[PDB]
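This report refers to the structure that appears directly beneath it.
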Amino acid sequence: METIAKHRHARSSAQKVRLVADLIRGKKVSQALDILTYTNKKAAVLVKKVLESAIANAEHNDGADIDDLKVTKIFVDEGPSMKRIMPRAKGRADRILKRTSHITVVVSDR
Amino acid sequence: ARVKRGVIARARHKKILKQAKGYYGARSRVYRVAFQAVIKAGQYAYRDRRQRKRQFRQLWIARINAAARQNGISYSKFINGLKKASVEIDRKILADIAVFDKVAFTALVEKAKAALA
Amino acid sequence: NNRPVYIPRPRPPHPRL
Amino acid sequence: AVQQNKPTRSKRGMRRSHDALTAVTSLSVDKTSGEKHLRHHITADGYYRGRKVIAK
Amino acid sequence: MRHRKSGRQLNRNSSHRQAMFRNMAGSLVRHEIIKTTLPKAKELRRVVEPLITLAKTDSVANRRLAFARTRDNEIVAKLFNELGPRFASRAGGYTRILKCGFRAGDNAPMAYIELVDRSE
RNA sequence: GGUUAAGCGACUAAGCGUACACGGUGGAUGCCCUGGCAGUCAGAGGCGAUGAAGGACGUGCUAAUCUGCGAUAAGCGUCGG
RNA sequence: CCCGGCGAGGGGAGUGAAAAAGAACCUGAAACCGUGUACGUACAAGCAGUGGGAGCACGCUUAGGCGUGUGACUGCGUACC
RNA sequence: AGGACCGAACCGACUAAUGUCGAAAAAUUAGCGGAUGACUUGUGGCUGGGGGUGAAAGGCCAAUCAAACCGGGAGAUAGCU
RNA sequence: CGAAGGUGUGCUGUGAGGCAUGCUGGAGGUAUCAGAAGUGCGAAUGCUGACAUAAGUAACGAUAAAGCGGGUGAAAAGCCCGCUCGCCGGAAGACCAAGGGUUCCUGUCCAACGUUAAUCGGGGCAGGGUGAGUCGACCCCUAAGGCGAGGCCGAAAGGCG
C-alpha cells in the first residue's frame, strides 16, 4: 500500500515548503499533525492539507487504523512558473517569477 | 534538401558525457566544460602511460636498496655484483624477490659480494 | 518575452587623459 | 559589488544548512481538558491551568 | 545604548505612542478584556494599573486627573464606581496577560489582557 | 580476573560530493499535416457613375467572433442539376 | 465515493488497447531542481584530473579472483578559443 | 505713473542634501529669483530636413539633432575586428 | 510476437563510427551500389526559447497613525458596523472642459491582477443604469488659417489665389 497524495501548482515556492517538509520527514503522522499545526508558516498549513488528504485516502480507499502510519516519502519539486514584467528605475524592465511547486506525500504503515 | 543535425548532435554530446562521467560539478553535466575535461584527461593518460614506467622503476629501486642496506650492502655495489656475475634479473623481479623470499635475496647478495671480491 | 527595447546611454567614463 | 563567477550548487547548499527550521517538540497537555498546546499559552478552545479563561 | 532604560518604542513616535496607549487603556476598562500583541499588552500595564490605583481613593482632584488621562467621561464613570471598590483590597496586579498564539495576518504574538474580575 | 599507565583506534554528517534508481521542470528530437515555396499545361488579364477596390454598422431561436448576406439582410424569384 | 473552503488539487471507481493518452493531453531529450540507496568527507591547501592504490558496499563463477560503484593516501599536473 | 518695491497663486530653476539597478529616463526636501509685464496660460492655426526656428546655446524641431524620423537604392563600402 | 526517436548495457574498428540487446515508444524505416547537398558547431559582447547564479538577499513606492469591540467567513492588522485617535480643509473638499470609454450601481466569485493576506476592489461573470423646446453639441455669423469654380503660374506632380 502506498496511498500517495499530491497537491500540484501550490502557491508557495518549492524552496520555502522544503523547510516544512524536512520537519515531518520520517516521523509518524500523529506527531506530524501537531508539528504542522503549530508551525508558523503557510507551508505548514499547505502541507498539512495534503497530509490530511493522504490520511483520508489511506483510511477510505485502503486499510483503516490510521494511527500506525508514517510519512515514508515526503518531497517537493518546483512546478511551472509564471512570468511577470515589473517596471524598475530608469525605464528598465525585469521579470518576476511567481514560482509554484508540487507537494507529494506518501504515508505507509510499515 | 534541408538537413537537420539534432540527432547527430545529441549522439556526439552523449559520447563525450559518457567519458566525462564521474567528474566534479559541471565537468560531468555541461558539454562545454566536459569536453575540456575529456581532452585534458586524454593528455594526462597519454603522459602517464610513460610516467608509470619510471615511477615503478624508481619504486623497485627503492625496494632493492632497502633490502640491500638491511642485508649489509649498498644498492650501487649490489648492482655491480649482478653485472659482474652476469645476472639478468630486472628491478621488478629483484624487488619481488626481496619482499617475498628473503632467503632468495640473501643468495643474490652473497654472489654479488663474491663477484666484487 | 520582448527583448529590452530602450537601453540607456552608458554612464560617462572617468577621464583617463 | 557583484560576483566574479557563479557559486557551486554544493556551496549553495552549505549556506542553506543553517536555514533549517526546528520543531517546538514541547507540546503540553492541559490537566483537565487534555488538549495539546504550546507551553504558557491558552488552548484553542480557551482553557489554561484547567480553568477556562476566555469565557467564550 | 539602553542600559536600565524602560519604555518600549513600538515603532511609533512619542505622540502616537501616548495616544495609542490612551485609547487602548480606555478600551480595556470599557470591555474588561482585549486581544492585542504581547509587547503592547506588557507596555500597557505601566499605563493601566496606575489608573486603578488612583481610582481606589475618590476625590474631586483625582476625578479631574483621571479624566485628563484617557480623556473620556465614560471611563471615569466606570472608574471610581466599581473598579475602585472591587480592587480596594488588592495591592497591585489588577491585570492578567494570557498568551493566545500568533496573529495569522503577520505572525505576531497575541495575548489577552484582562482585569482580575468577572468571576460570575 | 581487577586497577593504573603507555600506544593505536573504528563508530559521528549539520551539510556536501560521485554513482545508480525513481521523479519534477522544460518542450528538443522522431513522426504527421487540408500551410507554404517554385514551376509546367490552360483560362483570364481588368473592376467602376445601372456607384468600384476597401470599409463601417447591421443581419439568426442565442452573448461574442469568423463566414454569408444588406431593413426582402447565413437570404428572395425563376429555370436546370 | 473520500479529503478540501458547496474550491484549487489529489486519491479510488469508471471509459479506453494505453490515463506517467485527463484536455497543463503523441513521443517527452539537455540544462536546471528534488527524493532514496552505496561509498567518501569536519588537521586539510590550488584548472579538481590522470598513474598507482588500501578499505568498504553490491554481483559472479569459484572457494582463487573478476566485474560494478566509491575512493582514503600518494607521484605528476597552472581551463578552452 | 512705474519693463517700481515686499510677498502668495502662477512661471522659473541659483545653492545644498537626498536619490543614481531611484518614487521619477533630472525628481523630492529646505532656502532662492520674477511676480502689471520684453509677463504667464487655455484652445486652434502657420513655418518641414542642406530646411524651419532661434533675446544666438550649434540651442530646439515628439525622451534622438554639427543636419529629425520612416521606407527604399542596400546584402552600400570596410586594405579593419 | 513492436518502426523511427528516447534511455542503458555489451561487443567491435587506427579514427569519424558500426553492430547486438534490455526498458520506454508507438508506425514507420531502409541494405547494397550510385547520384544530389540548407552535409557535421563550443566560441562570432552570435539569434530564439528554457533554466540557473547572486538569493530567499535588496525591496514592498512619501515618517498623515492608528487602537479596540462586534459582524460575515475555512481563515480578519487590511473587508462591513460602532466607539476613539490622527491627517487635509484656496484641498488630499465640491462641480466642469480636455482626455479616457462602463472604470458607474446591484448580485455573485477569489485562480490570475493588487508589490503581503483578502470574505475586499477601478479584478472575473451576469444583470441593471445615461430621459432635455430652455444645459452643451448640432444650427446662424465670423477671426487666424484651410480649401478653392473660373483664373494666373509651373517639365509632370503641383504652387498661388
Side-chain angles (χ1 to χ4, degrees), chain A residues 3-10 13-16 18 42 45 49-50 52-62 73-82 86 88-92 94 96 98 101-102 104, chain B residues 1-10 12-13 21-25 27-33 35-37 39-41 43-45 47-49 51-52 55-56 59, chain C residues 1 6 8-9 11, chain D residues 2-3 5-7 9-20, chain E residues 12-13 15-16 19-24 26-28 30-31 34-37 40 71-72 103-106 108:
Chain A
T3 187
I4 62 170
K6 293 187 286 185
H7 166 231
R8 311 153 64 61
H9 310 93
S13 174
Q15 178 168 207
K16 294 180 182 178
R18 298 233 191 81
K42 65 179 73 174
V45 58
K49 291 176 73 69
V50 187
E52 211 53 15
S53 159
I55 297 169
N57 310 124
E59 190 277 331
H60 192 257
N61 307 134
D62 291 331
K73 295 180 177 66
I74 183 67
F75 55 93
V76 178
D77 70 286
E78 83 301 8
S81 60
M82 294 182 286
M86 182 179 72
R88 303 295 300 284
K90 299 291 181 68
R92 278 210 317 110
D94 66 333
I96 288 280
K98 302 295 217 55
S101 65
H102 319 293
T104 310
Chain B
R2 178 149 185 271
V3 165
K4 296 182 74 166
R5 57 213 177 84
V7 173
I8 301 299
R10 291 188 296 272
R12 284 182 84 76
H13 285 197
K21 198 183 293 306
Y23 296 169
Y24 172 96
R27 299 166 55 87
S28 47
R29 295 178 178 88
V30 175
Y31 180 79
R32 196 182 289 278
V33 191
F35 189 83
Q36 293 179 356
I39 301 312
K40 180 64 70 67
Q43 314 189 179
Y44 288 146
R47 189 201 66 200
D48 292 355
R49 261 192 285 287
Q51 277 203 334
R52 171 164 66 206
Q55 293 179 356
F56 271 110
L59 173 54
Chain C
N1 288 356
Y6 173 71
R9 184 180 295 113
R11 182 191 190 277
Chain D
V2 65
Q3 65 183 357
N5 54 4
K6 64 186 288 192
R9 53 175 62 72
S10 69
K11 182 63 69 177
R12 200 180 65 196
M14 293 180 183
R15 182 171 68 263
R16 298 194 182 98
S17 73
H18 292 274
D19 293 311
Chain E
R12 294 168 168 76
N13 60 22
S15 79
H16 187 184
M20 181 179 71
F21 282 150
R22 189 182 288 166
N23 291 274
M24 175 150 35
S27 179
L28 181 63
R30 194 197 319 284
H31 298 285
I34 58 171
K35 197 190 190 213
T36 183
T37 56
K40 280 183 184 68
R71 295 291 305 178
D72 177 335
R103 202 194 272 167
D106 51 334

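We use all heavy atoms of the structure for the numbers below, so side chains are in, but hydrogens, waters and symmetry mates are not. Order of the sequence lines sets the chain letters (A, B, ...), proteins ahead of strands, with each chain counted from 1.
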The Watson-Crick or G-U wobble partner of I/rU7, with both key distances under 3.5 Å, is I/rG22
Paired with B/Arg49, the side-chain contact (heavy atoms from CB on, under 4.5 Å) test is passed by just one of B/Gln51, B/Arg52, B/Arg47, namely B/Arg52
- Message: Quick test of the criterion, 5.5 Å between centres and less than 30° between planes. Is E/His16 stacked on I/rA65 or not?
- Response: yes
Ignoring hydrogens and geometry beyond distance, is the side chain of B/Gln55 in donor-acceptor contact with the base of G/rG52 at under 3.5 Å?
no
May I ask you to verify whether the side chain of D/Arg9 and the base of G/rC32 hold a donor-acceptor pair under 3.5 Å?
no
So, under a plain 3.5 Å distance rule, would you say the side chain of A/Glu78 forms a donor-acceptor pair with the base of F/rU25?
no
Classified by glycosidic angle (syn within 90° of 0, else anti), H/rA30 comes out anti
To the nearest 0.5 Å, atom NE2 of E/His16 lies from atom CE of E/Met20 at 6.0 Å
Is I/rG86 paired with I/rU72? Use Watson-Crick or G-U wobble and require both distances under 3.5 Å.
no
Indicate whether A/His102 forms a stack on G/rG10; treat it as stacked only if centroid distance is below 5.5 angstrom and interplanar angle below 30 degrees.
no
Between D/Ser10 and B/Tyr24, the two heavy atoms sitting closest are OG-OH, 3.4 Å
Taking E/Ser27 for the side chain and E/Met24 for the main chain, is one N or O donor matched with an acceptor at less than 3.5 Å?
no
- Message: Let's test your reading of the model: under 3.5 Å, does the base of I/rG86 pair with the side chain of E/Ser15 as donor and acceptor?
- Response: no
Worksheet item: If you measure from the ring centre of B/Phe35 to the centre of the six-membered ring in the base of I/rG42, is it under 5.5 Å, with the planes under 30° apart?
Response: no
Exercise. Please indicate whether F/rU12 is base-paired to G/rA63 in either the Watson-Crick or the G-U wobble sense, using a 3.5 Å limit on both distances.
Key: no
I/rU53 phosphate, OP1 or OP2, under 4.0 Å from D/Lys11 side-chain N/O: no
Between the base of H/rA25 and the side chain of C/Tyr6, is one N or O donor paired with an acceptor at under 3.5 angstrom? yes
The Watson-Crick or G-U wobble partner of F/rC20, with both key distances under 3.5 Å, is G/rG36
Requested in this report: Give a yes or no on whether H/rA38 and I/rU57 are a Watson-Crick or wobble pair, applying the 3.5 Å threshold to both distances.
Outcome: no
Answer for the Watson-Crick or wobble partner of F/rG27, both distances under 3.5 Å, is none
- N/O donor-acceptor pair, side chain B/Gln51 with base G/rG51, under 3.5 angstrom: no
| query | Are I/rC87 and I/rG122 a base pair, Watson-Crick or G-U wobble, with both contacts under 3.5 Å? | reply | no
For side chain to side chain donor-acceptor pair (under 3.5 Å), just list the numbers for B/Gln36 and B/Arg27, CA-CA rounded to whole Å, side-chain angles, deciding distance to a tenth of an Å, and then say yes or no.
CA-CA 8 Å; B/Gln36 293 179 356; B/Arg27 299 166 55 87; over 6 Å; no
query: Would H/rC14 and H/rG31 count as a Watson-Crick or G-U wobble pair, both distances under 3.5 angstrom?
result: yes
Phosphate OP1/OP2 of I/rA52 contacted by D/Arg12 side-chain N/O (<4.0 Å)
no
**Report entry** Base pair G/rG14/G/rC80 (Watson-Crick or G-U, both distances under 3.5 Å)
**Finding:** no
The Watson-Crick or G-U wobble partner of G/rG67, with both key distances under 3.5 Å, is G/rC58
Wobble or Watson-Crick pair present, F/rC31 with F/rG39, both under 3.5 Å: no
